[PDB]
Every structure is written in C-alpha cells, then in structure tokens.
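To begin, one chain is listed below as structure tokens, in the form deposited in one PDB entry.
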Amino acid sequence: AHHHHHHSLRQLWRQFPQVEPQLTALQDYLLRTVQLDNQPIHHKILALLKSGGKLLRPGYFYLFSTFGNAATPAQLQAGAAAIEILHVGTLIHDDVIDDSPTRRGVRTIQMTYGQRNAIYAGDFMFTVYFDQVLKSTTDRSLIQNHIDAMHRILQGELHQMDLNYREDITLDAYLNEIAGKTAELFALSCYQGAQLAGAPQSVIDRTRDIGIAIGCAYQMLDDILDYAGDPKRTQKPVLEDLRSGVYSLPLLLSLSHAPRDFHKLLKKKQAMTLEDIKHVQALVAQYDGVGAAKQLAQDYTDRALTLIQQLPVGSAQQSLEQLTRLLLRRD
C-alpha cells in the first residue's frame, strides 16, 4: 500500500504549464464519464474524483503523448481517463478490504452505503474503464495491452496476499509484486501515451522500462518511509502491516541478519504487542534496513532518469525528468 503523501506534490502541476491544461480538462472529462443512476453513489464517486487531483498516471501518459502526432485529442482524453478510472476503481476496492474510513479526505463508500454498494461501485468503474479504453483506440494490441495490465495488477494483489507472513520472502518476489501492484499502472501510462501518438520506436521501446523503474522506486520510497526515523516511534499503518504479515522493504532486507530473532516476534501475527513492534523496528535499525532499501530505490530511480535522458530532447523530456526527480525525491 501507499501510506505516505508528498507535500512538494495536485498543485504540483503548476510547475508543468504544458500539461496542466490537459490535466485540468481531463478532470472535467472524468466527471462526465461516470453516468450512474443511483444519484447518492454517483455523487460520492464524483466527490472522490473532485477531491483528488494529482492525476500522476495521466500526467506521465500526457507527457509521453508529446513524442508523436498521430493521436486525436479525443483518443488521449479517453486513454488518460481509462487509466485514472481503473486506478480509482482499485482504490474503492482497496478501501473496502482495508476498511479505510476516508480517502482523499472523503468518507469512503462502504462507510455511508455499506460494503456491497462499495464493491459494486468499484465493479461499475471497471465497465467505465473498458468503455474508455475502447474509445481511445481501435488498435487490438493496445486494448489487449490494457487487459494484460489489469490482469498483472490483480495478480500483484493476489501474490502479495499469498506472501503474507512468509519470512522467506525474496527480493525477486518483492520486485515481481510491487511491479504488479504498483509499477504496472505507470508502465501502462507511459506505453499507451506514446503508442497512441505513434511516437518513434526508440521512444516506445523505453516507455515500459521507464514506467516500471519509476513505479518500483515509488513503492520502495513508501516502504522506506515506513521504517525511517525513530525506531521507538510508531506508525499505525506500519503496526497494522506487521500484524497482517506485510513485511515492507527495509524489514524484508533485514530478515536474513537475524532470522530467529525476527521470527520470535513476527510469528505472533495479530497478537504482536506494541513492544514486539518496536523490537522489530530496533532490529531493522540495527541492521540498517532503511539504508539498504535506500540504495535500491536510488538505483531504480537513476535507471529511470538514465532512460529518460535517452528520449528526444525537448520540453517533454525535460518535464519528465523534472517530474520524476520530484516524485522520487532526487532533486
């Protein structure tokens, strides 16, 4: 999950004047894609859309669209909207599963209207998503690419679940997970923006590696924030993760330093006491799990930036580098 919000980041779009209009306009288009008869739930979804801007994934999509001229603006707005609607559908379901009270400062659907309606609201967003996908293109490979992405995300979520409480979790298994659960929508955004615009092969062939690298680093930075600072201190989400068997990157990297000591604590699962939690954090600090996670996030970040520096020179290249350095805190 993504527990941390970046201050430097919707107002973030002011620094990107060439795509702020598209994103501002997409926001309005987004408000009209959702036509639903149950007016109370329709209003709630609108409220989720209204209250949360940022539109990070549509941003990367629109930036990548600049490398080509083959796209109609109707296609691009539908392509960007598809990505964001899928994203929001998956958030609605995540919040049911986490029973989160609020999202984007809005009370979640299941709180006011119950779990069934919340689940069906997500499902309805999937139909809106596929409708927007079709509007965006008649290219069968690009539609399949969307479907395949939607599939990898769901597999990402299922494999993360299979992995709960596994103290033999590997870096390979972590990458394959945060690739699916997090990075895949970034890859999809970059690839579809560029493809839809018929950008040059050289660009197309880099989009997925860029999106994957960014999305991985992005998930790692959130994990790093879970264990950073004072090990005596505690964060609710982190406390809930450990009881639920979710070992994020700094812990994952620390396990092998003292598997029996971590196991004495982790095995208590939901029964883990607050003292237990702090002891876990003290071991992560002792073995510098955070410094290890940081080197990996930095290498993934630099891989993204290196690939971005190989794109065609110009405003979009420069905007992509600036956006990535900002998102991944590497200014």
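Rigid core: the largest C-alpha set superposing within 1.5 Å between the two forms. Just count from 1 along the sequence shown to find any residue number.
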**OP:** Between residue 9 and residue 10, determine how many residues of the deposited chain lack coordinates; answer none if the chain runs continuously, otherwise 1 to 3, 4 to 9, or 10 or more.
**Re:** 1 to 3
Original post:
When the C-alpha temperature factors are averaged for each of 304 to 312 and 15 to 23, which stretch ends up with the higher value in the entry?
Top reply: 15 to 23
Original post:
For the C-alpha atoms alone, is the average B factor greater in 194 to 202 or in 88 to 96, going by the entry?
Top reply: 194 to 202
Subject >> Deposited CA B-factor, highest of 297, 280, 274, 63 >> reply: 274
Original post:
Of the choices 243, 159, 166, 146, which one's C-alpha carries the largest B-factor in the record?
Top reply: 159
Subject >> CA B-factor ranking of residue 31, expressed as a third of its chain >> reply: highest
Subject >> residue 56 - which third its CA temperature factor falls in, relative to the rest of the chain >> reply: lowest
**OP:** Looking at the entry's B-factor column for C-alpha atoms only, identify whether residue 110 ranks in the lowest, middle or highest third of its chain.
**Re:** highest
Original post:
Is the Cα B-factor recorded for residue 74 in the lowest, middle or highest third of its chain?
Top reply: highest
**OP:** Grab the CA temperature factor for residue 326 from the record and place it in the lowest, middle or highest third of its chain.
**Re:** middle
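Same protein, other form: the form deposited in another entry, not shown, and the subject of what follows.
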**OP:** State which of the options 252, 212, 96, 199 undergoes a Cα shift of 2 Å or more between this form and the one not shown, taking the core as fixed.
**Re:** 96
Original post:
Is residue 107 among the residues whose Cα moves by 2 Å or more between this form and the one not shown after superposition of the rigid core?
Top reply: yes
